[PDB]
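Down below is the structure, laid out as structure tokens.
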2 protein chains.
Amino acid sequence: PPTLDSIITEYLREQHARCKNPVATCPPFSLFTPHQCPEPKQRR
Amino acid sequence: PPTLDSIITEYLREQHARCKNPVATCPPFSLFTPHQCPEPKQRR
């Protein structure tokens, strides 16, 4: 049976698939903020 | 800010998008069972 340790596990992962160039070892999350993986921002 | 009345609202909806021919006025849900919309099954 599912719990909140499976729903909130899967709630972020489909939110993670809108990351342009996503990550693998992600930082800790924040449910009250949107999630966006670090985009390529060139300065050099 | 989000609550469980937005996360569990959106947890079923992306689960709803795997329905081959989904519905509009859906039946009440069951979180411990998978969700599958009524497929076309011909008998006539």
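Simple scheme: letters A, B, ... for chains in structure tokens order, numbers from 1 for residues in each chain, numbers from 1 for ligands in the order shown.
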
- Task: Write out as a PyMOL selection string each polymer residue whose atoms come within 8 Å of stretch 26-36 of chain B, counting only C-alpha atoms; drop sequence neighbours fewer than 4 positions from it.
- Result: (chain A and resi 1-2) or (chain B and resi 15-16+18-19)

Write the residues you've just listed into a file as a CSV table (one decimal), in the first residue's frame, and include N, CA and C atoms for each of them.
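The resulting file, result22.csv, is shown below:
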chain,number,residue,atom,x,y,z
A,1,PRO,N,0.8,-1.2,0.0
A,1,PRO,CA,0.0,0.0,0.0
A,1,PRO,C,0.8,1.3,0.0
A,2,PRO,N,0.4,2.3,-0.6
A,2,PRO,CA,1.1,3.6,-0.6
A,2,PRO,C,0.9,4.4,0.6
B,15,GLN,N,-1.7,10.9,-12.9
B,15,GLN,CA,-2.1,9.4,-12.9
B,15,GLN,C,-3.3,9.2,-13.8
B,16,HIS,N,-4.1,10.3,-14.0
B,16,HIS,CA,-5.3,10.2,-14.9
B,16,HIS,C,-4.9,10.3,-16.4
B,18,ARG,N,-2.7,8.6,-18.0
B,18,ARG,CA,-2.4,7.3,-18.6
B,18,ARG,C,-3.7,6.6,-19.0
B,19,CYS,N,-4.8,7.2,-18.8
B,19,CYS,CA,-6.1,6.6,-19.2
B,19,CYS,C,-6.2,6.6,-20.8

- Message: Can you tell me, as a PyMOL selection string, which residues in chain A count as helix (DSSP H, G or I) by DSSP?
- Response: chain A and resi 4-16

Selected residues written out with N, CA, C and O atoms, as an mmCIF file, in the first residue's frame:
data_model
loop_
_atom_site.group_PDB
_atom_site.id
_atom_site.type_symbol
_atom_site.label_atom_id
_atom_site.label_comp_id
_atom_site.auth_asym_id
_atom_site.auth_seq_id
_atom_site.Cartn_x
_atom_site.Cartn_y
_atom_site.Cartn_z
ATOM 1 N N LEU A 4 2.419 8.514 2.397
ATOM 2 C CA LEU A 4 2.967 9.802 1.998
ATOM 3 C C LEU A 4 4.438 9.701 1.625
ATOM 4 O O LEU A 4 4.969 10.621 0.998
ATOM 5 N N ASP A 5 5.103 8.601 1.984
ATOM 6 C CA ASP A 5 6.497 8.422 1.594
ATOM 7 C C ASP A 5 6.616 7.855 0.184
ATOM 8 O O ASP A 5 7.725 7.588 -0.293
ATOM 9 N N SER A 6 5.486 7.644 -0.491
ATOM 10 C CA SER A 6 5.517 7.306 -1.908
ATOM 11 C C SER A 6 4.867 8.385 -2.765
ATOM 12 O O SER A 6 5.293 8.603 -3.902
ATOM 13 N N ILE A 7 3.843 9.061 -2.242
ATOM 14 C CA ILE A 7 3.171 10.108 -3.004
ATOM 15 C C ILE A 7 4.044 11.350 -3.103
ATOM 16 O O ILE A 7 4.226 11.908 -4.191
ATOM 17 N N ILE A 8 4.616 11.790 -1.981
ATOM 18 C CA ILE A 8 5.480 12.965 -2.001
ATOM 19 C C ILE A 8 6.815 12.624 -2.655
ATOM 20 O O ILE A 8 7.495 13.501 -3.202
ATOM 21 N N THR A 9 7.187 11.343 -2.650
ATOM 22 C CA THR A 9 8.317 10.886 -3.449
ATOM 23 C C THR A 9 8.045 11.074 -4.939
ATOM 24 O O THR A 9 8.918 11.523 -5.689
ATOM 25 N N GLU A 10 6.821 10.775 -5.380
ATOM 26 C CA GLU A 10 6.524 10.847 -6.806
ATOM 27 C C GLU A 10 5.990 12.224 -7.197
ATOM 28 O O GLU A 10 5.969 12.563 -8.385
ATOM 29 N N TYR A 11 5.583 13.043 -6.221
ATOM 30 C CA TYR A 11 5.093 14.380 -6.547
ATOM 31 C C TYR A 11 6.222 15.288 -7.015
ATOM 32 O O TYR A 11 6.011 16.169 -7.855
ATOM 33 N N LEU A 12 7.426 15.085 -6.489
ATOM 34 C CA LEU A 12 8.542 15.933 -6.888
ATOM 35 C C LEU A 12 9.178 15.442 -8.179
ATOM 36 O O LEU A 12 9.760 16.235 -8.926
ATOM 37 N N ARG A 13 9.069 14.143 -8.464
ATOM 38 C CA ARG A 13 9.795 13.566 -9.588
ATOM 39 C C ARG A 13 9.191 13.970 -10.926
ATOM 40 O O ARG A 13 9.929 14.250 -11.875
ATOM 41 N N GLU A 14 7.863 14.015 -11.032
ATOM 42 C CA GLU A 14 7.266 14.553 -12.247
ATOM 43 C C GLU A 14 7.362 16.072 -12.299
ATOM 44 O O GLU A 14 7.265 16.653 -13.385
ATOM 45 N N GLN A 15 7.545 16.721 -11.153
ATOM 46 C CA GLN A 15 7.921 18.126 -11.117
ATOM 47 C C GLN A 15 9.380 18.318 -11.510
ATOM 48 O O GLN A 15 9.749 19.377 -12.029
ATOM 49 N N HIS A 16 10.204 17.288 -11.303
ATOM 50 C CA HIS A 16 11.615 17.320 -11.668
ATOM 51 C C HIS A 16 11.829 17.183 -13.170
ATOM 52 O O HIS A 16 12.862 17.625 -13.677
#

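Reported to one decimal place, the separation of atom CA of residue A:3 from atom CA of residue B:37 is 22.6 Å.
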
- Would you work out the distance separating atom CA of residue B:41 from atom CA of residue B:25, expressed in Å to one decimal? 19.1 Å
